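Working notes, structure below.
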Amino acid sequence: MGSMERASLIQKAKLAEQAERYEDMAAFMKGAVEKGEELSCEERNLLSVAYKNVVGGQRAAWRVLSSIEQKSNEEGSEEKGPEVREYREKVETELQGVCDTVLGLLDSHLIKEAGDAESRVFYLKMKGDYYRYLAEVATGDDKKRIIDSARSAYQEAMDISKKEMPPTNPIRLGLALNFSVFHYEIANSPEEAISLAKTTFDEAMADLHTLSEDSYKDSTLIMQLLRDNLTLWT
Amino acid sequence: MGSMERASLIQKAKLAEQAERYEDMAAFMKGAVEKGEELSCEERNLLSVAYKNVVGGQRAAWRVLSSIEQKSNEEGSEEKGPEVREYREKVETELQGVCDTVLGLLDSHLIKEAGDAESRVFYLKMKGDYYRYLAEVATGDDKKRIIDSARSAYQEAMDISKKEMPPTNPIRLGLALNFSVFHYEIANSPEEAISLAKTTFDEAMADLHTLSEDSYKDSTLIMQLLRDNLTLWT
Amino acid sequence: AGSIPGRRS
Amino acid sequence: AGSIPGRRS
């Protein structure tokens, strides 16, 4: 997208979102990042939304194919050939490529230029998320290292968020939500997931009195997601 | 897809459908067609479903972008630059490319080898549909010719269907439904659309007594679509 | 005006 | 277990 103006890429990313053209949206936002300037809050959100939609579709497809593959590998199942595994592998490779692309943007050079807490925490949460999606499909000799990379990114983001943001800040809340999902689903640490979700919820509740009506709505929406997980987990 | 077995392409098209990976599904079915063998009923359906999903998403995106573009070209609208038109054009070109791909498969060489009424009518209905989607976006010197190409394909399919298929046959019913939409939406002939839908519905109703329970369900489902259009149009 | 959806095998 | 959907700006 090197020949398109930064502002035009951003405008077209917004149009692609309205048109539900998320691969286009992600390509426009990748082009915008590659202009080399830091991203505003809105631009960071567009980048994140674009890739969450792309990888979300790939993850859902991978789960469908992985379930079919697992069923075909059961006792009393008829041999259907290599096609299910081959196609699951194709989708998996594509998904890994998207995660590597996002991680590459964060490493070159979004994170190193991010000095304010809101940008740095948001980017480190993204880094944790995309390593988490790599971990969901990992099975080889690097699976432990991929898990540790997700954990390390989330932990750095948590440490900053606790020092620099109020307990109701929506980035702080979403980071804690996603880190608790990492603990529950990836790290085999359901008790850590439950403790994190409960403490995050309770500390946010006690800070709601400081907020405007609109900030209250923002924070309580994410708090309800923490509560939904706690209801499923306990 | 020249190095993949025909049967593997078909199997992977079915897996892609389950995974909601419709671009993959269409590419697998294009590869299967390009093996050069005629398609069974199920394979014809997979080809049609794959491309209807791909082009359906493109058409929905085109309509979103076309509406934004039209609004930006109103009195009292602020100039937003070339980006909306450029991006609508990009989506439009992609959509035209998919329609040309399907039409190319039909012309090389699905239709010419299709001798049974069910295959020939189904392929000619596809030909009418994809020219209709080209007509939806056409604005230039060939718009009339594109409309006539859709009409001609639908008319040949209708002539065969009336000679060779009972009035409840689901292909016959779906062809009449889509041709009535062509009349209403493309050809500026709402009265022809209404007459076709009414006559098709009434002639099917009178043939339902000949059907099994399962065929009755198939035919009445499409009849209800004809009725839904008649309710909107009258 | 609705055509055949045609999007599921 | 649900993460942030994060799919709408």
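Identifiers for the structure tokens are assigned positionally: chains receive A, B, ... in sequence, residues are indexed from 1 per chain, and ligands are indexed from 1 in the order shown.
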
Original post:
Using only C-alpha atoms, which chain A residues lie at most 9 Å away from chain B, written as an MDAnalysis selection string?
Top reply: chainID A and resid 8:9 11:12 15:16 18:21 57:58 60:65 68 81:84 87

Within 12 Å of stretch 183-203 of chain B, which residues of chain C come that close, and what is the closest atom pair and distance in Å for each? Count only C-alpha atoms and give it as CSV.
residue,atom,partner,partner_atom,distance
C:1,CA,B:185,CA,7.6
C:2,CA,B:185,CA,9.9
C:3,CA,B:185,CA,10.5

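When only C-alpha atoms are used to measure the gap to residue B:138, the shortest distance among B:95, B:4, B:126, B:39 belongs to B:95.
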
Original post:
Out of stretch 39-102 of chain B, which residues get helix (DSSP H, G or I) from DSSP, as a ChimeraX atom specification?
Top reply: /B:41-72,83-102

**OP:** Please provide the set of residues having any atom within 12 Å of residue A:151, restricted to only C-alpha atoms, with same-chain residues fewer than 6 positions apart removed, written as a PyMOL selection string.
**Re:** chain A and resi 124-132+135+144-145+157-158+175-176+178-183+186-187
